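Here is the structure we will look at.
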Amino acid sequence: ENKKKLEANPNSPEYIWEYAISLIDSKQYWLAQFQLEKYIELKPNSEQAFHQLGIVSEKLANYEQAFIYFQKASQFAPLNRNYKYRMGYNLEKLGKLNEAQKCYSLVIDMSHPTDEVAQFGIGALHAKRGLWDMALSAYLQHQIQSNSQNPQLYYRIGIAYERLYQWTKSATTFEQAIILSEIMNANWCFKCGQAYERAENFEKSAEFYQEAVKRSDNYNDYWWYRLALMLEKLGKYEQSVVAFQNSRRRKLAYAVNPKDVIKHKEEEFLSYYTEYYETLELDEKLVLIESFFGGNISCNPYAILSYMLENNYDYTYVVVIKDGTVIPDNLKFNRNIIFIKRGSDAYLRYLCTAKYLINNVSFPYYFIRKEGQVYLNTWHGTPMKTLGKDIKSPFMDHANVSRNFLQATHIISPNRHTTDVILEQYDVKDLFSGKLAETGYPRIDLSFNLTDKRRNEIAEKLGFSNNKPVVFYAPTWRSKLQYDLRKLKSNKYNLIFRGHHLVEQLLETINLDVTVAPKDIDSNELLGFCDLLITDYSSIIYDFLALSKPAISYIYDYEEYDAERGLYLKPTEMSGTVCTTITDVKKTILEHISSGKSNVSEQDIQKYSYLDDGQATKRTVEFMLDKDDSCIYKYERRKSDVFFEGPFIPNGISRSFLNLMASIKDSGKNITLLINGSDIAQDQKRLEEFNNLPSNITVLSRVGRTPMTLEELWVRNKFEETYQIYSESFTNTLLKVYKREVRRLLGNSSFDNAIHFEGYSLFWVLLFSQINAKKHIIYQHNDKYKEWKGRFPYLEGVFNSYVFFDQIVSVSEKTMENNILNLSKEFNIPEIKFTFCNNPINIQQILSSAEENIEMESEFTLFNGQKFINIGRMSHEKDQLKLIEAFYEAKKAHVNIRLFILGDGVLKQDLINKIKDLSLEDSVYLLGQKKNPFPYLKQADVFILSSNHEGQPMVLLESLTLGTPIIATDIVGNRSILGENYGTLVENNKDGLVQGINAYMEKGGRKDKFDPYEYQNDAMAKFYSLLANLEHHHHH
Ligand SMILES: [Zn+2]
């Protein structure tokens, strides 16, 4: 490329070496030979010079001079292995076979015993240079000499055959490496199908192309394309089209570009899933198995997979694994089992194609059960600590589990205790539209039916030559375990321990009689293998009680663990022998080993283990395939109404929602509330307002992003940017997002009424329009047109979405007509859709707050003539300056008067400044912010509201139920609640408030005849009139 003979300045080793290497890199070997001879004349001790001369002489086919040069280089660094190999190669090319073989032997003996030349011979170093004829010969020699059966060696042999264009030998060799493999490799299956194609065996080529795409974790369009070609050559045109259609990750005509649409990586990942969800067909002979997020293959899903394997069920099985997941022995060398990694492309496709899904915890947030899919959630044990909706530690942490139960069609239980706890503590009893059957855990079958074969294999895999008793210690995650395992050192029994992968790795096993159970052995097999079980707070004890063996509940830290996790059971009512010290554990072990007595109470077996007869897996499988209804827990579901309040900001909307919740709490219905848990967990005051809900409220929280296709992301982003109605197809595309999201959150649930109570959040307006309900209702708490043009642009999208609801309910009749005037004609909403419903009040709490809470009251209210009260925020909208000015004028005519103000705010200091101006320091008192103002509101004589803007003046009704009358400025908020019949209204000026004070002092409080129960009965009757009859379920 470059001459570099440019520097004709001679005799310089630097320039000579520069020119020589440039000649070698340009493959001008004969020309570089003379320059390296000149360098050796100058520096006759450069090891690199002898290295290059050996390379040059070998490229020049001077094999004798190559050996001489490589030898002179090797004695410059006898620890260099590449030199010794090149010595042997050039001797082999020379014909000196024996001298070369002694060289190869030195190369082998001086190599680390897992470097490739150790397990695969000297041919691996030929392969590193592309010398495939010599690599194949050495591979074949090393296989025959070692009788090796390593699949990796057969793979390297097939690679050599492939680069020699001996395709038939390459294909058959790859098939051996695959057959000899513990788990079939997707990459190997492609190399085998590729070689079979080049050999023109199309049936074998299609066979292994099919294997490759079935087991490929990542999407490979190339492999789908090659499979489709081979299927076409075979004449299978239908399957050829399917593979051709799948030769593109995205099949749909989105008419949009992914680069301009996708903002976040999660959006791209979810877009592939959503297409798979909508387009891929279910395989009626496919079963997916997942246990503990693929971290291991154990528990109930493993027992079901094992049962259906040994009974030869006609299925293909997909087992979900992670990196480094240990594989049980009975699953190796099985072509009917496909291992795919969680979260991969194959994971998403198989979640959308497997007809039968089996899990013991939960699928991730994006999983949606397709129609015709069977999802069996087995769970993973009898619960013993605080669990689910009572765990406040991460807010709404159980939400995806409650989601998964709503996605499930079948659920199994080990005992009625677990049935009650799961259905109640995950808030899904009335919503769960599937089937729950009490079959007992199939994992217990692995303990009952341990074979003498497997028992002997576990014994030799452990190192137990004698039939000494086996003691199994399996505690839960939370040093003492070191002290406890020394104290249990004994020759009388074999001690087996299983704990957390972290605990077992830093155990220091010497000085210990203990054996850490290998991770390839199931815990239920260990229960049937052992003779005595030691545990503390693990649900594995209830797998044990039906095995007629002694158990020990060793609970040294019951105080600490109960304080942290809250245990269901007291110490005296746990199973087996309850021990609090380690010396008592050893004493109890030897007592029971010698006596042979059982120590498990039969009352415990009747509570938790009455279903364990070693046949639960047949019951579960027949239940899942809808062939055995004998174990179903049939019960009556309540009808359900679903609500949305918002993010529970403490405001007028939340206070009205809480009052409505208190009024309907004993209606015999399931009141469901949908929330966004992340929007509430941030604010301490939002959580406090959320915690005031009645305890019977079923609560579901959205988890994660909404899965959307490519065009669905564009359509949504466009709508949430322009808020316009565009066409029928555009609207249907947008609404398809929210019907899918309703399914993701609720499954096949159905409700009587879906009530969007907030009326603001656009996401929840479109979502509630798609809930399967008999009636869809959305509230209006304000003048929506003023809120739209004042603060919230997205309210335009809400107005263009009122078409998707049946009723639009305002919180007052005045507000209703205002909303009709501003929205009905402008947005094509029929007048008949609009209605109103007065906000409910909690009469019992108002009455209880005023009469109870005998609290510290200022001495200046306790003694006076006429008392006037006002609660506000000093936000200028309350306008307390016009109040104190009307007071100064009203003190003239009548003087035996006092006034009190509650609250705090910005315009505070200006109030105390005005206190001295009117010289009323002893006639007006500015009390603090009171956490319970109802004692003051009852004991006062007049409640004054001088406000200029009032949104939800509910204190006005509150005071009137307490029997203390009202004077309030005639603004739109105070008139919407009072009108002309309740309370006394005045103009919004100083003179109007003085007239109201003076009119009260002559004539008294207005004789409005306000009945709090009449207002409550009217408000609730209007509410119940808005609900549905026995009408038909639908979505919009
Ligand atoms: Zn409807």
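Going left to right, the sequence shown walks through residues 100 to 577, 588 to 1145 as the deposited numbering numbers them. For every residue, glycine included, the Cβ atom is placed at its ideal position computed from N, Cα and C.
Legend entry - Bridge partners - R1007, DSSP secondary structure assignment: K976
Inset, instruction - State the DSSP-derived secondary structure class of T644, mapped to helix, strand or coil. - result: strand
Legend entry - Rounded Cβ spacing between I993 and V1033 (contact assumed at less than 8 Å): 6 Å
Inset, instruction - Can you give me the start and stop residues for the alpha helix (DSSP H) that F219 sits inside? - result: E215 to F219
Legend entry - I1080 versus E1096, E1067 and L1069, residue with shortest Cα-Cα distance: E1096
Legend entry - Distance between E537 and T481 (C-alpha atoms, nearest Å): 12 Å
Legend entry - For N779, the first and last residue of its enclosing beta strand (DSSP E): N779 to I784
Inset, instruction - Could you name the residues of the same chain whose beta carbon sits closer than 6 Å to that of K987, not counting the 5 residues immediately before and after it, in chain order? - result: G981 and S1056
Legend entry - In chain order, each alpha helix (DSSP H) run of at least 4 residues that lies wholly inside the stretch 917-971: 922-928 and 952-960
Legend entry - Three-state secondary structure (DSSP) of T424: coil
Legend entry - Nearest to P568 (by Cα), restricted to the options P756, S703, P400 and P109: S703
Inset, instruction - Keeping to the same chain, check which residues put their C-beta closer than 7 Å to that of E523; ignore five residues upstream and five downstream. - result: none
Inset, instruction - Alpha carbon to alpha carbon, how far is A223 from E215? Give it in angstroms, no decimals. - result: 6 Å
Inset, instruction - May I ask you to check if the CB of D915 is nearer than 6 Å to at least one heavy atom of ligand 1? - result: yes
Inset, instruction - Go ahead and pull the three-state DSSP assignment for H985. - result: coil
Legend entry - First through last residue of the alpha helix (DSSP H) which encompasses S632: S632 to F638
Legend entry - Residue nearest to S461 in terms of C-alpha spacing, selected from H497, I426, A453 and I437: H497
Inset, instruction - Would you grab the beta carbon distance between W231 and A259 for me? Rounded to a whole angstrom, and I think it's under 8 Å. - result: 5 Å
Inset, instruction - With a threshold of 6 Å, establish whether the CB of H885 neighbours any heavy atom of ligand 1. - result: yes
Legend entry - Nearest-angstrom Cα separation, counted from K596 out to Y665: 14 Å
Inset, instruction - Consult DSSP for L876 and reduce its assignment to one of helix, strand or coil. - result: helix
Legend entry - Pair within 7 Å by beta-carbon distance, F752 and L782: yes
Inset, instruction - Please indicate yes or no: does the CB of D652 lie closer than 6 Å to some heavy atom of ligand 3? - result: Ligand 3 is not among the ligands present in this structure, which contains only ligand 1.
Inset, instruction - Please report the residue range of the alpha helix (DSSP H) in which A294 lies. - result: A285 to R297
Inset, instruction - Pick helix, strand or coil for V569, following the three-state DSSP scheme. - result: strand
Legend entry - As assigned by DSSP and simplified to three states, the class of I457: strand
Legend entry - Three-state secondary structure assigned by DSSP to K898: helix
Inset, instruction - To the nearest angstrom, report how far apart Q889 and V1103 are at their CA atoms. - result: 35 Å
Inset, instruction - Can you have a look at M983 and say buried or exposed, based on whether 16 or more other CB atoms are within 10 angstroms of its CB? - result: buried
Legend entry - Rounded straight-line distance, which links the Cα of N399 to that of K484: 21 Å
Legend entry - Which listed residue (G442, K883 and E366) has its alpha carbon closest to that of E389: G442
Inset, instruction - Decide if the stretch 547-565 is in contact with the stretch 511-528; the criterion is three or more beta carbon pairs, one per stretch, under 8 Å apart. - result: no
Inset, instruction - State buried or exposed for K1112, treating a residue as buried only when at least 16 other CB atoms are found within 10 Å of its CB. - result: exposed
Legend entry - Check whether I605 and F571 have beta carbons under 7 Å apart: yes
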